[PDB]
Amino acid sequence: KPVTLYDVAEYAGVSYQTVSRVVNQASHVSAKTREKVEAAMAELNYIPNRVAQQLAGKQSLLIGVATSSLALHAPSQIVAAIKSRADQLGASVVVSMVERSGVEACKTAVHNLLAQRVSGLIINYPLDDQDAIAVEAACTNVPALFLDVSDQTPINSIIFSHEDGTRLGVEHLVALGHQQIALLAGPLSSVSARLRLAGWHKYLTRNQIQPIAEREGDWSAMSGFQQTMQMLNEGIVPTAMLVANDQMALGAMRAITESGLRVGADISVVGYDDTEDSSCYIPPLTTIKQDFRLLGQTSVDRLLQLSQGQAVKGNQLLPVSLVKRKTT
């Protein structure tokens, strides 16, 4: 049985409360008293049983996070910025990873997070409107913030402005004089993917352009490669491609190149994310920058505000920007 707060009480000549104050950096200590207590716990290697502290009522803002597999780029980047910002605010973070596809899986995840009595949830998992509303409802009394829902979902959410991203992309290709444009989208089961797809159609339409092709990948470079290969093998050869993410763009670029065409000069390409690696593709990839650090930082700040009944309900849009490189 690990050292208790009681064990330090006698090994310091004080009570369990005296030690408590010391541990909590409380106000009103016997000055030199704290010096003695700390030495007492130091020699016994005392580590406050957080499990007991929480139950006892210690107000510790504990953020829960239901997320897509961390094996995926953006999710990992986001959780990272979340834990980082939470540590910086003295907030704790427990995360439930959802691997199985489906709303039940996400609900299971929210269930456990709730069991750990989190003071708020951050759901970074693709959810259709009613499913999101359902999840939001299951969050018994605790606030929920969503990161993978449409801007049209009636719940608290933060997402990058797909409107701005897709416009930037389309307008860039247009200003370069492209008219034969193909679209490589993320998996349709992804809300974010769908939002980008919609964004492209919206702005391509406003420029009286109709994509000469439209395929669906799964976020992986291999899918980008295969999809762009099938497209080219069907004789459909555009002069520019808008791709849902940098990784698929990479695969597209491989297919283009292994076909005898020059990325840029023959078929321009635009990616999405502006991942670290994108600046070193052959040739450097023009892309839309999504500052994941900012999303994770903002997510935590926001979930805390909500937890404090602060009037900041709704949907928030994060800025993005065009990074001009050599693929266009």
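One rule holds for the numbers: they count along the sequence shown, beginning at 1.
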Quick one: higher average CA temperature factor, 299 to 307 or 40 to 48?
40 to 48
The stretch carrying the higher mean Cα B factor in the deposited entry, 125 to 133 or 243 to 251, is 125 to 133
Which one, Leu70, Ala56, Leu261, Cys280, has the peak C-alpha temperature factor per the PDB entry?
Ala56
Identity of residue with top Cα B-factor, from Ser192, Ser101, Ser157, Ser223:
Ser101
How does the C-alpha B factor of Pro319 compare with the rest of the chain: lowest, middle or highest third?
lowest
Tell me, lowest, middle or highest third: where does the Cα B factor of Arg206 rank within its chain?
middle
Relative to the other modelled residues of the same chain, rank the CA B-factor of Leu168 and answer lowest, middle or highest third.
lowest
Third of the chain's Cα B-factor distribution that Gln77 belongs to, per the entry
lowest
Could you place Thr140 in the lowest, middle or highest third of its chain by Cα temperature factor, using the values in the record?
highest
